[PDB]
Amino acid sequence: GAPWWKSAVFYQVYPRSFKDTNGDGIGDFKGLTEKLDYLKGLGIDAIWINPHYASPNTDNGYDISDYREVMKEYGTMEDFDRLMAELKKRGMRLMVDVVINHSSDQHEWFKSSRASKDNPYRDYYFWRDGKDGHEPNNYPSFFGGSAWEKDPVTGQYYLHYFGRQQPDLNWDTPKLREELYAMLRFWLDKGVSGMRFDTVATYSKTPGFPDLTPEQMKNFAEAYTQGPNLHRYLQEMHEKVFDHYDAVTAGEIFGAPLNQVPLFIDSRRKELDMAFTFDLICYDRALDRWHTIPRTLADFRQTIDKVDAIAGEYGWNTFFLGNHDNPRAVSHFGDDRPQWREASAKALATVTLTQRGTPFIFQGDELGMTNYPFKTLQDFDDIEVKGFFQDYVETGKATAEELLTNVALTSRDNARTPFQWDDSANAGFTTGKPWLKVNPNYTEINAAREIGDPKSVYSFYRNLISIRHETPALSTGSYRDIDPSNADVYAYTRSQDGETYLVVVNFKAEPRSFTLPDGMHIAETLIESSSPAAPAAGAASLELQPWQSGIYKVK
């Protein structure tokens, strides 16, 4: 049989904004645990939680100070162990983020490492002499300025690809690799059965740290993904850890050229099981990271197609339209205006749950939650907005009003407003004051209202998940885009063991007539949204309502 993870439906929880149970305004482990019956009822097989480890939280929990302790704001280790027991009781699995390109500078390894040149933790990180009166080389940081930080205690510089407070761990040191492997087993032995390796392509560093060439400086992210031992280390990690568990592993791959994605995920290479890439979610983002660029459905489907193709015969992809760093799915890819929000949210659900790959639903997209109506730059928590203000408004490149208009559409805070449970105060997310304001549309868009209504976005997601579970072609089947050039209607087949299904989704808010491939005919309709009647058996065409979606078995 195919691995369990190829047919699983995953749900991403950003615990900080999911459910608060102690009134401090911050979502927590007990809140997630209390909502497992809700997620099980939706049909979820596995939940991916964002970083849940002890952290000073200078970088949203991706700066970890103790890999074997939990994030204090979310609760205690006993709360975590309860969560695991409650998932097991429900036959559900947990995936966690694994952030082992770097630790917090408050991690005890780094406090030990930095204290002297001669200690058993010195080589857990990268310490180098400077050169010509400054840094060891010209490496830039993803977060701006040099990737090298001098430490007066020893006079040497340490490497940080990301923030200054996120020193890179030294995978060239076998003792460090072994520490990391033992740490992973600590979580796997608690029952965790998924791990998502963040910034996985940067783990291997270039021997000798030579300067980047001028061409490389123009895309340093690509250069940092070309360490010569990268795949050797992932193969070692697979042998030492993952050969001994049924867990799924996923790589968060960026910076690298598309054609290297298969090196991480081809099953024959015994590295990782599946890929997270960002080609689709960033497909309409400008280079400045705050504007958008016009795109059509032809761009959307061609981007899906090239990533599906690169996984090919032996690799496997994840599929998502939303996560904790990006604007809301219905706002970004659908149409969130009142006439179209529900219709287009349902259409995007049909896409999500019929793509080839393992789908991840981001918390709240099953309700058709939308972007937040920011009115002032003061309404953003998003640290990135402050940086755009300095880089673009203070420099005179853009006005504060231009920034607000555009970052309202792209900001990660759109995905971080609290989950809208019901129409009580703060949508039932908290009895206190939420850490980030709830979208005022919660009075209309909330789980309580949607779970009781067979016509809701929630109910449609639930129904799709049930259909996907009972139809092997919709998870593990082949995929074929019928016309990558078509910018109105997304139509494609999924096929397995002689059974072929056709998915047809109108991306226009206008009626469209869709003609099937010549010789193809509808046999059965599995489900539709925004349609007043299924086609007749034998149909060779469809008349589509605005934003209609459907899944059909063909003859």
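Position 1 is the first residue in the sequence shown; the rest follow in order.
If you average the C-alpha B-factors over 412-420 and over 398-406, the higher value belongs to 398-406. For the pair 268-276 and 156-164, the mean B factor over Cα atoms is greater in 156-164.
When the C-alpha B-factors of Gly312, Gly334, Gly364, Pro472 are read from the PDB record, the largest value belongs to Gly312. Note on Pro51, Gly43, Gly27, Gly498: the highest value goes to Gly498, judged by CA B factor as recorded.
Remark: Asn371 belongs to the lowest third of its chain, ranked by C-alpha B-factor as recorded.
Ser344: CA B factor lies in the lowest third for its chain, per the PDB record. Among the modelled residues of the chain, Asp483 sits in the middle third by CA temperature factor in this PDB entry.
Compared with the other modelled residues of the chain, the Cα B-factor recorded for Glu236 ranks in the middle third.
Among all modelled residues in its chain, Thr21 ranks in the middle third by Cα B-factor.
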